[PDB]
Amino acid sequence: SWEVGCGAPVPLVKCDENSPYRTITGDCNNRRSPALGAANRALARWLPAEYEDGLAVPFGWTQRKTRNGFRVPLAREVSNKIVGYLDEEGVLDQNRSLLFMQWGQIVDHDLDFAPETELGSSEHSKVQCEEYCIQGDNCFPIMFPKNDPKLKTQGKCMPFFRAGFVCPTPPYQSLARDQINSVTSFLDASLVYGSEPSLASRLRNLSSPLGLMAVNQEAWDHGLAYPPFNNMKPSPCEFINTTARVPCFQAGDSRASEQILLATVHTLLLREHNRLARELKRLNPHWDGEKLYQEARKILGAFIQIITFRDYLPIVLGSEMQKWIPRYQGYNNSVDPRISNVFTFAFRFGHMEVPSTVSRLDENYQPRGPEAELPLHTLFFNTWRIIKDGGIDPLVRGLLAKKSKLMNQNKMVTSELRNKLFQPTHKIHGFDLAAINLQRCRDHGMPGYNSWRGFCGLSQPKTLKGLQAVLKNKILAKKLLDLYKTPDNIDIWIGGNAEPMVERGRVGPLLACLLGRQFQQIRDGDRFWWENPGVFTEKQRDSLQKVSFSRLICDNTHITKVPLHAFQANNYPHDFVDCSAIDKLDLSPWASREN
């Protein structure tokens, strides 16, 4: 009657009340409402979902149905007209390393996932969708516009399948359609350890009772670990080189192998854990397997919290930083720590920070190997270039010494993503992350640009001139009003990202507001925030305050020259210093004083 809850699946909850550890599923973080910010629950709605039929069907589903008296443009057309660009000269960010981009993706992956409906098993309908392009129940294919190069070479559509939703897939969902966040809303390193108990356990070395995360027994990197392989056929990392047959890696997050540098940063994180559990043993030889695991896990979740909040968020938000994320004042139980649906789009700003090439560098930071730099597209689901060529060390140097793409109103998303994206089970390097993002906004029943501007106490343009004034771009504004007719209809993703960057930051005001609230909320609503009184000891927190991405590299690679500030643009050797000048993590406070 009153729709107390829609979650018939995943009822299991036992809250140990005295537990000194987060759960894997993020359940029992909040006490009054223990499901808040836990994996497998619905994404939060900061505003009501806007659907065609006000329930589930996305805007753009039915031809003859309008938003506010206008038809929504095609995703791919918005992509072609606005998002795409030819010229890769000039696009690089003078003050952000490629690591800047990377960490965004890491943090994102920790926070949210809304995977597709997994409905087409023992069912051709996931291919019926693919090659026939027939708009089905959860098949929502992206149609090419009439002047599109991809029409000529690669069919009539790009395939797409709607995201999963609570109260399973087959019947009408109670009330409106809400999408699942399949990972924990907390900045908890879930991408390393998993969000379900199954993965969590399968990821660990339970054979050695020293609380280590299971590593690879088939290949090594100069005596340092790799992630174990996920042997589940088909493997898209196998698919891309059939000769190499190197499968995708296995991590606490499914998407670890989407691209080589994410797999790389996943590899650093795993290593730091092992490195932390091996030490904990020395200082505490009496600790059991799980105590070593659990106690290293909290150090790592804390590490991710510090890098993100101290180093990453200030250079994303800049001026807006303090307006949205005031300095810490302790856990508030009344905060909603759940990731909002809109955040999983706000944080796609990263898509425009991704450049068209990745480099491998040697100890001199020179082109390592003849084919040193490679097109980004050849690196989707590519694990073999880690195993068979060079390890992670040369890649990590690229992340330091190269630049992120700067976002640009005339150059938004590289073709490497716009036209050449690889998606599992779809064979071709031929897709568009931009088009996909736009279709996803609709899929998810997103309110439009102006709804979100209103929500953030910013103005809502109605005219081309209004929009021009907001975007500070006559032409961009013009192209958007030609497509969307009204700014009320501009898809949040393209609308938020169109806004010029606030001072000393990399997003506009709307995104700064959206991101800001979310990252404010996940800090304040988290009972195990590293800096929450009680989580760590005073002695521990002064040891923790010293963590640095610089250090994580030194500890977990053979790289002995790093910058002080890894997110700034840093050039070798001018801004590089030895690993001996950089603060280690002192693990002495973790020694238990027994008798």
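Numbers for residues come from their place in the sequence shown, where the first is 1.
If you average the C-alpha B-factors over 203 to 211 and over 357 to 365, the higher value belongs to 203 to 211. For the segment pair 143 to 151 and 434 to 442, the entry gives 143 to 151 the higher mean B-factor, averaged over Cα atoms. Of all the options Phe70, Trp46, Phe536, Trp529, the entry's greatest CA B-factor is assigned to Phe536. The residue among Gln259, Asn419, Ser340, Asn231 whose C-alpha carries the highest B-factor in the deposited model is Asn231. Remark: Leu564 belongs to the highest third of its chain, ranked by C-alpha B-factor as recorded. Per the deposited record, the Cα B-factor of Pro500 falls in the lowest third when ranked against the other modelled residues of its chain. For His124, the recorded CA B-factor ranks within the highest third of the chain. Only modelled residues enter the ranking. In this PDB entry, the Cα temperature factor of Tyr293 sits in the top third of its chain's modelled residues, the highest group. Ranked by C-alpha B-factor against the other modelled residues of its chain, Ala42 falls in the lowest third.
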